[PDB]
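Novice: quick check, what structure comes out for this input:
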Amino acid sequence: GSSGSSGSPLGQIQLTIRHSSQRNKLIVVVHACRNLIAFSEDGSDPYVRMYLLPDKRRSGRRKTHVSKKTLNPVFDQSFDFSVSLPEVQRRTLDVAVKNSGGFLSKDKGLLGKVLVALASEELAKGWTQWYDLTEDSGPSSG
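Specialist: Numbers count the residues shown, from 1 in each chain. Below you will find the coordinate block:
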């Protein structure tokens, strides 16, 4: 280990995950994000991306609105996906918050991303917490 940054400079995000066994669906609410560094003070366009791993098909892509001229975007929206617990369990919810600044850049510019394990049993009830975004460097157990 090496001494470096102290805290979560990339940013964080709060998502309420709750999978009902009766409805066999996966509900995910995107309250809002904070501490989202901008590639340029001028203004960045932060946005949350939700993907049901492993499947990454570019068809079921479910994301929230893209706020402009702001670092702390707010959507407070709620999504849903018809998936049985048996599956969602061995699956993962790829949640990455990048900036849609495709203007004179030619890159996605990853600001921050965090993975969540839906292999929990306390999903029916649901929980709320701030997932501290981290760098790409990480295991992809899809």
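Novice: strands along this structure, start to end?
Specialist: With DSSP state E as the definition, the chain shows strands at residue ranges 12-20, 25-34, 46-53, 62-63, 74-81, 92-99, 112-117.
Novice: nearest to residue 142, out of those strands?
Specialist: Ranking the strands of the chain by distance to residue 142, with Cβ to Cβ as the measure, places strand 46-53 first at 4.1 Å. Bear in mind the C-beta positions are built from the backbone N, C-alpha and C, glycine included.
Novice: count the residues that sit near the residue nearest to residue 118 when sequence neighbours are not counted.
Specialist: Spatial nearest neighbour of residue 118, excluding adjacent residues (Cβ to Cβ, 6 or more residues apart in numbering): residue 88 at 4.8 Å. The tally of other residues near residue 88 (other Cβ atoms under 10 Å) stands at 21.
Novice: just confirm residue 88 contacts residue 17, I think it does.
Specialist: No - no contact is recorded between residue 88 and residue 17 when judged using Cβ atoms under 8 Å, the distance being 9.6 Å.
Novice: the spatially most central residue of the chain and residue 73, how far apart?
Specialist: Against the mean C-alpha coordinate of the chain, by Cα atoms, centre = their mean, the closest residue is residue 95 at 2.3 Å. Residue 95 sits 14 Å away from residue 73, going by Cβ to Cβ, to the nearest Å.
Novice: cool, residue 49 as well?
Specialist: Between residue 49 and residue 73 the distance is 13 Å, computed by Cβ to Cβ.
Novice: more neighbours, the two?
Specialist: Applying other Cβ under 10 Å to residue 49 and residue 73 shows that residue 73 carries more neighbours, namely 22 against 15.
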